[PDB]
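Undergrad: PDB entry and its sequence, pasted below:
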Amino acid sequence: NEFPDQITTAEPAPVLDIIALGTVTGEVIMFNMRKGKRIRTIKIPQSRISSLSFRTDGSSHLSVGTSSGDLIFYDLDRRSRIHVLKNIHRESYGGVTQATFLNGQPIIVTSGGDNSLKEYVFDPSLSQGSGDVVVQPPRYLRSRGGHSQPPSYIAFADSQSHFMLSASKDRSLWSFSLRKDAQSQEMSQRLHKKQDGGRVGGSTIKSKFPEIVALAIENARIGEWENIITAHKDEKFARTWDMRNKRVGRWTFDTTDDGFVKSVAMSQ
Amino acid sequence: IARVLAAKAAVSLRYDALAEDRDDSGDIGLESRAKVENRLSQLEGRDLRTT
Amino acid sequence: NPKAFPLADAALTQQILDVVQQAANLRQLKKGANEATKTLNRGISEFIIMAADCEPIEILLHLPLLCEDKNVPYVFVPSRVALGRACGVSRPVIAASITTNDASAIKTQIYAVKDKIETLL
Amino acid sequence: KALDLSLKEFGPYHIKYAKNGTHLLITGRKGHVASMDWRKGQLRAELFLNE
Amino acid sequence: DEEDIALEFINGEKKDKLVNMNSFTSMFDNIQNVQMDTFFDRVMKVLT
Amino acid sequence: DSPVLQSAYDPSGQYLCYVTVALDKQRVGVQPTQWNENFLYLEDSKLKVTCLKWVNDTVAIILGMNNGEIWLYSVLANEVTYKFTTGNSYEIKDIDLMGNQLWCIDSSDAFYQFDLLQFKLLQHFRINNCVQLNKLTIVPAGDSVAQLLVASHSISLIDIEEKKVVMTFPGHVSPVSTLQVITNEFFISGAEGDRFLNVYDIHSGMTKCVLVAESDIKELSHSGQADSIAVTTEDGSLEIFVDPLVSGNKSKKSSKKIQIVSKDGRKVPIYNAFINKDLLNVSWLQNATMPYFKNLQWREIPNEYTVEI
Amino acid sequence: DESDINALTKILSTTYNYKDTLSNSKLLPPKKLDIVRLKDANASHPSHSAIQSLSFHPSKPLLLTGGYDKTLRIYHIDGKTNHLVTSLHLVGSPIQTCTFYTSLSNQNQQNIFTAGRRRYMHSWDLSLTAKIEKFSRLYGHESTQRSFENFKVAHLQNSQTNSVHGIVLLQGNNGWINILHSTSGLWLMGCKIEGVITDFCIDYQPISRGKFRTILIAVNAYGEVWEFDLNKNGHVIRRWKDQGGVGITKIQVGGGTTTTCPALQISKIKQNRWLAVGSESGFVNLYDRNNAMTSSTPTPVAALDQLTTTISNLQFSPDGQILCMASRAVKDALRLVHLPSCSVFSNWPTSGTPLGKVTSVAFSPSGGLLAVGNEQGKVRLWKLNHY
Amino acid sequence: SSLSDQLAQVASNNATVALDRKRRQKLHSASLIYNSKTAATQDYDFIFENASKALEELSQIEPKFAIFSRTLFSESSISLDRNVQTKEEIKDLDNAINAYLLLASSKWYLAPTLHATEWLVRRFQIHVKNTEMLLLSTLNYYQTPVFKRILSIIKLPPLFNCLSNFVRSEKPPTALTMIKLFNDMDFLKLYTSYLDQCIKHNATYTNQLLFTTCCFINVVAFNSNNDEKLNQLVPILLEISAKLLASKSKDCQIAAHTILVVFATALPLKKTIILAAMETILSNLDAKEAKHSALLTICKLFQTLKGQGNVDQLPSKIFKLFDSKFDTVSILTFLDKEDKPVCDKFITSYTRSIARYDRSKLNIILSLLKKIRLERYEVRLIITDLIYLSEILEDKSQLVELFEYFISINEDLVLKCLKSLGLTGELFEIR
């Protein structure tokens, strides 16, 4: 029959000939091809459903990935919501595009359009007698990730040609691997405390740094002190990091002339 | 509780020893009893064992 | 409040609360009714100020009796929350005794206040 | 009682129950030797080696 | 006039009485053997 | 740095329409360029304007705002006349008119046609291979509504009736900021943060010349026949390229450099100059918001010029 | 299982956000502020002393700044930047307090009233060098003004004809408070209380359409305050005692209109609801004025004690929702209290905020900007997201 | 993975079996009445016969136990073993023990109930394997030697792991550690599934409802300043407030009223869920105390609305339901009580809806508006709707009576409303 709104996503359920359909508005409709009918409908209003999947470990869960960034687990034996998951992938790049279960396995794999790819495991139940009514929230697990915007600067960390540093355009610095991609990790911008005994400089709220223009890199005394330095967009100083601890170093260097910094380098 | 009940005993005691118009109904007496009792409850309700 | 014998006027209340503020600045007073009676029994108190604002007044008027036995000056003030904010404690105190130190820096205003208190009996 | 003590980080295992049916002794070809109750969860002698 | 209407709306707002950490730990003393209506208007006393 | 957010000159250089911030509102204003001050504020901080353009029959401004509207706003009267809209709440990134035909890009990659004589929408369409948009320009060949030029990080000459990309130029490493058609075939382009203007043929895709300046640019203004292009640079100087389409063989250095230094030794910045035939309308902020002007004679001043005020 | 009193269960299964989070509140959410920093308001031009007074123009986007470095600047302020417009510099004379003034009738006067620890105050006129006048002549009463160290500025309609004119009001020395004339500089009247005048504030209240009587409220140093109207001659119409409070140091009324937010139309005046008297023991009593009308000894609606040392500056929000306490003694000594529920805002004034030794604070009239000026010679500018 | 883990799995899987005499005495000395040195010599027939006497006393004070004396306390049940049968029979005996425990959860102040349930603690090993039904069926008596004995006998399941410093300690656990047990939501889901199983079996009683209410209000009080935890904690407390309101007893009814009002004052809910919760608490009003409590929760829960719509029209399908369950009379008497709880926004929405949906009883709106105090934007809004009403229908005498009341008080407000709409001369020409 003619459906009232644009059914933008679909997935065939593991029960016999029912197919899950996701509308442009928030309605998951479960069509039954044998009876030519619908079985049930669930509503997630003012939100755009973007992917469907089904848990196949014997227990019955459904997973909606809605393109506001959110990911909901429905339970069909109770018509309930087990757990929501807010902002896996950012809404601006599309939100959660495809989020599947695995056949028999209680892990889901989610990927959006903002270059993230995470997997989420369901724990076994915590109450031994009741069991399937207290389901733990899904834990985080292994993930891989780029940085959603083309990188601005490229460096090679070691002489081994093993790790590279990418200074992105979404104001983020990443360390990528070359052998097998298990260790692509962001260098965290938690500033170390200033050594005087007093509190830190810069923003207390974790907003990211300015746009990162030009950096510099060597491996001469790694780990003993600050290794790489960089220069940001129209920022009056140029700040360092540490390659070993993978976070910001202590001392930013001002240019002491009231000018923007454009070209950093380091002695070998 | 011995310290807080001594303090409320001082309150009640010097009230009904120094007043000369009381009705001998024990009003601030059992009021101080209620205050000592929920003080006792809210100090025994703590558990210094880290849960 | 008929049993509240001598309670001060507006200007005398203001000047004794400023001198008890300076006493709390210099740490030369002991606050609270039971502490007041302790320092009165061990005989260090210059004078006693007491607040006629509590729901029994007999919680404080037991120290007038030994205060009259020991001839110390004593005076009431109509607000215990004023006593608290002037003594430097976030709770409304009742009584405050000012201890004796002849090597102070507020000795002359303490003694002028003491004369203004012992003059009204 | 129908157990499955599945271990993967040491090699192809080997069984010997005791003379009475109480204790079990398993042996991996890499280095693993475990002597343990099996109707009770009482692992009483585990030892890794490198031979 | 509309700003005066909105400012009158935000002036006409009485003092609420919030809840905090130990707002109801006092209930655990008189929890035992009390009728439910007496517990309910006790809770409404603690709120209002 | 400028507290003027953005500004636009009228054609034939008479009125500067500029929007600044004033206590989380948007003080728009029009100033004559020989005292006009009673000009409006919008409501709150989440309604800031994003692009603006003149229309010269009354004289008015169009303000492409960010909430999803275009505001046709008069200048003699102070009120906004009409509020063009899409059906979407998405941020209009640029607007451009040609006679009656108006054309606005979105931030969600769409294109909308409009007309400021019929006051309604015409076509509501997107195309492939244009994943962001932040500039567009209707081409001058008379009433050539076809063959418009969209621009973001690479420039796409797209048709309106074939409705697909017909040529693709290489852009910059940054999002483009200035794209303007200077002849019937040449158009200048230049991103922000870089000092490099490049002019393109519209019929071959060959970068004919590269103009260079001593800083990155803020706004360009060309003459009526593409023989003088004046850019304002981010360090507050004015760089005029004279005769930029002759043959020092591929990349032209800047010819004229006008900067304004007051008589106490303090450099003041220059934003949004305008050069018609043999004049120059230099604009600069004297106090914190109120701008002043100068009508400099263009072709007779020396190669560098420290204007005293 | 299927082939298809339950109301809230069905809609719990429908939606999964559970607050009216949007702009459909019109009130401040209690115990959780929503506030961002901005650029430093003293960045384009450095100052040199403690910023002793900040203010705003009541319609224009101008933040006026003055200190002990005998200068006074006026910035034009916004989010990303802010610049200087003019910066007058008075040699010889510091300025303890300096403030805007716009006349209510014509709205085209724009005077600046700047006063220091000397005997004179200075009046600047603004219509875009520039001239000033030196108010230095108390007419009949010269032995009652040791200094012009503290003043206020307030409107007055003269109650037999509607000649609305401004008035400056000075702190006396014994118990006096003189009023003056803002334009001319005549004496008008001097009222007097006993003890010491410590501070004072200006209420307004309307009477009919386009007609209002003002009220000067002034504190003792003990806690009994006098409120007398001065649209007739200044005689006391009410006198009442603060319930508690001994060493009181500042009073500020508002919620309606006051010095930090006046009107421009005359009929946009409004009776101020909240009143806030703040001591030197950190305590702040605040009353409403719909139950403290004729009580003559009213109860404090709230008795805050959240900040410890002696408070100096306490201001209101221009619509009367957020009080700001600020003690000028210790470092990081400012707090904001949500005024209708009299709660204290927990999340913003934390130790990761560089308030410094706060010595002035001022709200914007409509943008929700919040300027804090500290002792080191700068003023930081937060923005409240709600307004 | 870990062989030690895979063996601790079978250890906790076979804790309920005796494979030598030391483990038998360790698994048998766990008893609810006696200590170790006497309970380690008790044959099964002894505790069975005194427990049969205990069950008979419990049956002749409560008539739903002869089925258990037939089935589970039978003579052959002293020879029925636990872990020798099949898993279908162990599941059937499992929910048999569950039915017994949530039947006899309300009797634990009685030595017959203690000596009766001691038998299946001793024999059916519910002190080990059916552990959580025992715990969160007797959790409400937490200040009791029977609960200290239960907690010393049992081993703790991993949900109740914050009780573990009260085994072998003669102080009973505290209210604060009970709230720290109720705090984490993965205990809370389990407790709510227990609670609605108890509701659908209809064994809810006035002690464990009191305990559940006090624990829920203190959990809400603990998360009073945690917006994320409260946003995560709404669809548990609210969902079982719903399926607690769907019951019939006045105790559980006004217990759901209590958790509803404290949650509404804890955070500003949305207008649609306030309206639906009002429809839910109104569609099932039976008893006398339910009326007064439901009125107080409607008033306070509707007062906590800070945002537009807060004084709007309550719709028809709940307004006629409100008129059914509550008369317009005795709303007057609730207004005429002396302490006057704050009900201004609900009274305003009531006036606007009785103006717009009934329009035939306006003496009532005159009387209640005369007898309540009201705030200024509310009285401006109701006279604006009253002007709309007066220009949609003809001016009757009661209509002009309350309009001249609105003239006699706040002349400036009604004239400003008429300046927003027309002219007072045209209004007086209408009336």
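TA: Now that the structure is in, tell me what you want to look at. Numbering: from 1, shown residues only, chains lettered A, B, ... in the order given.
Undergrad: For residue D:34, which three-state class applies?
TA: strand (DSSP: H, G, I helix; E, B strand; the rest coil).
Undergrad: partner residues bridging it?
TA: residue D:26, residue D:46 (DSSP bridges).
Undergrad: what's the distance between it and residue A:194?
TA: 54 Å (C-beta to C-beta, to the nearest Å). Backbone N, C-alpha and C define where each C-beta goes, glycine included.
Undergrad: quick one: which of the two has more around it?
TA: Ranked by neighbour count (other C-beta atoms under 10 Å in any protein chain shown), residue D:34 and residue A:194 place residue D:34 first, with 22 against 12.
Undergrad: Please list all residues in contact with residue G:203.
TA: Taking C-beta atoms under 8 Å, 6 or more residues apart in numbering or on different chains, we find residue G:203 in contact with G:214-217, G:227, G:253, G:258, G:271-272.
Undergrad: Pretty sure it sits in a strand.
TA: Yes - the assignment for residue G:203 (three-state DSSP) places it in a strand.
Undergrad: element containing the closest residue in space to it that isn't next to it in sequence, please.
TA: The shortest distance from residue G:203 to any non-neighbouring residue, by C-beta to C-beta, 6 or more residues apart in numbering or on different chains, is to residue G:215 (4.0 Å). Taking DSSP states H and E as the criterion, the element that holds residue G:215 is strand G:211-218.
Undergrad: what's next to that strand, contact-wise?
TA: Residues contacting strand G:211-218 (C-beta under 8 Å, 6+ apart): G:154-157, G:159, G:162, G:169, G:177, G:179, G:191, G:193, G:197, G:199-207, G:225-231, G:234, G:237, G:251, G:253, G:266, G:269, G:275.
Undergrad: Repeat that for stretch H:303-319.
TA: E:13, E:16, G:20, G:24-27, H:264-265, H:268-269, H:271, H:274-275, H:278-279, H:282, H:322, H:342-346, H:348-350, H:352-353, H:356-357, H:377-378, H:381.
Undergrad: Buried among these? Make that a PyMOL selection.
TA: Listed next is the PyMOL selection for buried residues among the contacts of stretch H:303-319, using 16 or more other C-beta atoms under 10 Å in any protein chain shown:
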select buried, (chain E and resi 13+16) or (chain G and resi 20+25+26+27) or (chain H and resi 264+265+268+269+271+274+275+278+279+282+322+342+343+344+345+346+348+349+350+352+353+356+377+378+381)
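Undergrad: Just the contacts of stretch H:303-319: which are in helices?
TA: Per DSSP state H, helices hold the following members of the contacts of stretch H:303-319: H:264-265, H:271, H:274-275, H:278-279, H:282, H:322, H:344-346, H:348-350, H:352-353, H:356-357, H:377-378, H:381.
Undergrad: Could you pull up the residues touching the residue in chain B that chain D sits nearest to?
TA: As assessed by C-beta to the nearest C-beta, chain D sits closest to residue B:51 within chain B, at 27.8 Å. Contact analysis of residue B:51 by C-beta under 8 Å, 6+ apart lists H:162, H:165, H:177, H:180.
Undergrad: Need the three-state assignment for residue H:253.
TA: Classified using three-state DSSP, residue H:253 is helix.
Undergrad: Verify the stated contact: it with residue H:287.
TA: Yes - with contacts counted by C-beta atoms under 8 Å, residue H:253 reaches residue H:287, the gap being 7.4 Å.
Undergrad: just to revisit the earlier point, buried subset of the contacts of strand G:211-218?
TA: Applying 16+ other C-beta under 10 Å to the contacts of strand G:211-218 flags G:154-157, G:169, G:177, G:179, G:191, G:193, G:197, G:199-206, G:225-231, G:234, G:251, G:253, G:266, G:269, G:275 as buried.
Undergrad: ok, back up a step: who's more crowded, residue H:253 and residue H:287?
TA: A count of neighbours by other C-beta under 10 Å puts residue H:253 above the other of residue H:253 and residue H:287, at 25 against 14.
Undergrad: check contacts around that one.
TA: H:244-245, H:247, H:284, H:286-287, H:290, H:293.
Undergrad: Just the buried subset of those residues, written out for PyMOL, thanks.
TA: Buried members of the contacts of residue H:253, defined by 16+ other C-beta under 10 Å, are picked up in PyMOL with:
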select buried, chain H and resi 244+245+247+290+293
